[PDB]
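Each residue of the sequence shown is one higher than the one before, starting from 1 at the first, in PDB author numbering. C-beta: ideal position from N, C-alpha, C; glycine also.
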Amino acid sequence: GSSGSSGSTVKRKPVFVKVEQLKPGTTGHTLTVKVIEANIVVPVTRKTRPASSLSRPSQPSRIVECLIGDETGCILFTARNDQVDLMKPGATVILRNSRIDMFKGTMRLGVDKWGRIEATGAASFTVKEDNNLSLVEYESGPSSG
């Protein structure tokens, strides 16, 4: 007699995800990120893309880092010469099928080839330019060396 069975599963979440709801090892996300600032990717702090590669004439992929997120938190997301437009400062856009890149003891918001920007109307929410996720570090590890 008897069998025994358990299971509940209570995701508990809206139709869209949140910034503070992001995590490493995750992909394809759907949330509304509001751009705050948009400035070129300065050296020293945060610098990755070329990784030893300078000689052949490539295309001008104007890349600029813009601060986007929601009331929850914010994260660093790279926007191409095209996305940049959508990722303009003071503009509200959404990320569909967005993936998270596991950065050196950190992470960031990005969109894969199987993902495109939405360009929602307006945010309507006050971004929390404090609970940055592109700053906090996950799992105590190295930094540079």
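Would you kindly report the start and end of the unbroken alpha helix (DSSP H) that includes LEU22?
The sequence position of residue 22 within the sequence shown is 22, counting from 1. Unbroken run through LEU22: none, as it is neither H nor E.
Assuming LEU86 is part of the alpha helix (DSSP H), what are its boundary residues?
The sequence position of residue 86 within the sequence shown is 86, counting from 1. Where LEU86 is concerned, the enclosing alpha helix (DSSP H) stretches over 83-86.
Same chain only: Cβ atoms within 7 Å of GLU37, ignoring 5 sequence neighbours per side:
The count along the sequence shown starts at 1 and reaches residue 37 at position 37. Around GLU37: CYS66, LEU67 and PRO89.
On the DSSP bridge assignment, give the partners of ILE40 in chain order.
Along the sequence shown, one-based indexing puts residue 40 at 40. Beta-bridge pairing links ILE40 to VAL64.
Checking the sheet assignment: what are the DSSP bridge partners for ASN131?
The residue given as residue 131 occupies position 131 in the sequence shown. Answer is none; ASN131 lacks a bridge partner.
Under 8 Å Cβ to Cβ from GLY115, same chain only, skipping five residues before and after it: list those, please.
Position 115 of the sequence shown, counted from the start, is the residue given in the question as residue 115. Around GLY115: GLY28, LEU95, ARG96, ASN97, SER98 and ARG99.
Which same chain residues, not among the five before or five after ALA123, have their C-beta less than 6 Å away from its C-beta?
Numbered from 1 along the sequence shown, position 123 holds the residue referred to as residue 123. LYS34 and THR92.
Would you identify the three-state DSSP class for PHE125, choosing helix, strand or coil?
Here the question's residue 125 lines up with position 125 in the sequence shown. Correct three-state label for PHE125: coil.
Roughly how many angstroms separate the alpha carbons of residue 156 and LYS23, rounded to a whole number?
In this structure the chain extends from 1 to 145, so residue 156 is not present and cannot be described.
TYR138 versus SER2: straight-line alpha-carbon distance, rounded
The sequence position of residue 138 within the sequence shown is 138, counting from 1. The sequence position of residue 2 within the sequence shown is 2, counting from 1. Cα to Cα, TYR138 sits roughly 44 Å from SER2.
How about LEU86 and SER134: are their beta carbons less than 8 Å apart?
Residue numbering aside, residue 86 sits at position 86 when the sequence shown is read from its first letter. Residue numbering aside, residue 134 sits at position 134 when the sequence shown is read from its first letter. The answer is no: Cβ separation not under 8 Å.
Compare the C-beta of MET87 with all C-beta atoms of chain D and state if any pair is closer than 8 Å.
Given the protein chain composition of this structure (a single chain), no chain D is represented.
Whether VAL15 touches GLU71 by CB criterion (8 Å)
Here residue 15 refers to the residue found at position 15 of the sequence shown. Here residue 71 refers to the residue found at position 71 of the sequence shown. Contact flag unset, no.
Is DSSP giving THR27 helix, strand or coil here?
Counting from 1 along the sequence shown, the entry for residue 27 is found at position 27. The answer is coil: DSSP assigns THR27 none of H, G, I, E or B.
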